[PDB]
Every structure is written in structure tokens, then in C-alpha cells.
Amino acid sequence: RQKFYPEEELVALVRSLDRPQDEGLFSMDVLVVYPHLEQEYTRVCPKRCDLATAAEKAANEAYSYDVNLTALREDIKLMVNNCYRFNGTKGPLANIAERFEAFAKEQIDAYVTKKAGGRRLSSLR
């Protein structure tokens with residue numbers, strides 16, 4: 001159980017996933033914008049995440065011990081799947097969710113690869 005990642009970098013990584021083009025789909029606090037959705041939303045989606053929650057988990061060291069950031073990738077998957085289950089698999093929002101999932105995978109892959117590249121350069125230990 002090594003600490004692979006500084007919280008400061010993982011917060012920056014999560015914040016980088018909030019794209020203006022995605023019109024707040026993953027960064028909005030759903031049950032703050034739409035308080036009336038509490039029952040229906042928690043019925044269809046009994047496990048929830050958003051980028052604000054992911055960014056707080058990053059800051060709290062939730063993700064820093066997973067070499068492939070599995071826990072963060074699972075939280076992105078959950079946000080995306082909740083969008084599909086609640087708003088459906090068809091239309092402009094579902095198109096954003098699928099582009100967002102692909103973008104998040106690329107950013108996360110690029111980060112894990114960069115860090116591994118440097119870590120493996122150590123001429124100690």
C-alpha cells in the first residue's frame with residue numbers, strides 16, 4: 001500500500017474533468033439544482049457521485065493509494081451510468097456523457113502513465 005499520488009495533483013486532475021462544453025452535467029449538485037428529484041433520483045440512482053464529490057475525495061486522500069486510480073475511474077463510471085439511467089441513453093445529454101467518459105479515461109490514463117514514467121526512473125530502492 002504505497003501513496004502513489006499527491007492529493008494536490010488528483011484535485012487538479014478531477015477539476016480538469018469539469019469542461020464548459022459538458023454544461024455542468026457532472027459538476028452540478030443535482031439535488032441542490034432540483035431538490036424535488038430527491039425520491040425519484042435516489043430510487044433510480046441509490047449510489048451517487050459528481051465532480052465536486054470526487055474533488056473532495058481526492059483532497060481527502062481517497063484515491064492516492066490506487067496505482068491505476070480504480071476508485072476514481074469507478075466514481076466517473078457511476079456519474080456517467082447515473083446520467084444514462086436517469087436521463088436515458090438517447091439525446092444530447094447522453095451524447096455528452098459518452099464523450100465525457102472517453103475524455104475522463106484519456107486524462108486519467110495520461111496521468112497514471114506520466115507518474116509511472118517518472119517513478120520508474122528512481123536510481124534508488
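Residues numbered from 1 in each chain as written, not as in the entry; some residues may be left out. Heavy atoms only, no water. Residues with missing side-chain atoms left out of burial classes, pairs and counts.

Its PDB record names the entry "Crystal structure of TcBDF5, a bromodomain containing protein from Trypanosoma cruzi".

### Some thoughts on the packing of aromatic side chains
Inclusion rule: When the centres of two rings from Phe, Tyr and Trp lie within 6.5 Å, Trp using its six-membered ring, the rings pair. Their planes under 30 degrees apart give stacked, over 60 give edge-to-face, and anything left gives tilted. Whether a charge lies above a ring is judged from NZ of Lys or CZ of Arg, which has to be within 6 Å of the ring centre and within 35 degrees of the ring normal.
Summarising the aromatic geometry, the rings of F4 and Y5 are spaced 6.1 Å apart at their centres and angled 45 degrees between planes, so their arrangement reads as tilted. Here the aromatic residues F4, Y5 and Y111 are joined through ring pairs into a cluster of three or more. Positioned above the aromatic ring of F103, the side-chain terminus of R19 is 4.5 Å from the ring centre.

### A closer look at the UniProt feature "domain: Bromo" (unreviewed entry) in the protein chain
Heads up, the condition is: UniProt positions are given in the numbering used here, feature names are shortened, and annotations may be inferred rather than shown by experiment. Runs of H or I in DSSP of at least four residues are treated as helices and runs of E of at least two as strands, each being numbered from the N terminus.
Per the UniProt record, "domain: Bromo" (unreviewed entry) is annotated on residues 36-98. Within residues 36-98, the helical portion is 65% and the strand portion 0%, while the C-alpha atoms at the span's ends are 26 Å from each other.

### So, the side chain of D22
For the record, the criterion: Nitrogen and oxygen atoms within 3.5 Å of one another constitute a polar contact, given that in protein one can donate a hydrogen and the other can accept it, and given that sequence-neighbouring residues count only through two side-chain atoms. The contact definition used throughout considers only heavy atoms, calling two residues in contact when any of these lie within 4.5 Å.
With respect to the helices and strands, the residue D22 is situated in the loop between α1 (7-16) and α2 (30-33). Within polar-contact distance, the side chain of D22 engages the side chain of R19 at 2.9 Å. In contact with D22, other than residues within four places in its own chain, are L17, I96 and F100.

### Overview of the packing of helix α4 (residues 51-59) against helix α5 (residues 70-87)
For the record, the criterion: Axis geometry follows a simple rule: fit a line to the C-alpha atoms, using only the stretch in contact for helices, then measure angles between N-to-C directions, giving values from 0 to 180 degrees. Should an angle fall under 35 degrees it is called roughly parallel, over 145 degrees roughly antiparallel, and 65 to 115 degrees roughly perpendicular, with every other angle called oblique. Any residue that is not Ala, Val, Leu, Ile, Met, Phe, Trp, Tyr, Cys, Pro, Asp, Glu, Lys or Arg is counted as polar, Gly included; the first ten are nonpolar and the last four charged.
Put simply, α4 and α5 touch, their axes get as near as 10 Å, and they point 170 degrees apart. Classified by the angle their axes make, α4 and α5 are roughly antiparallel. Facing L51, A54 and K57 of α4, the residues of α5 in contact are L72, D75, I76 and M79. Across the contact of α4 with α5, the residue classes tally to five nonpolar, no polar and two charged.

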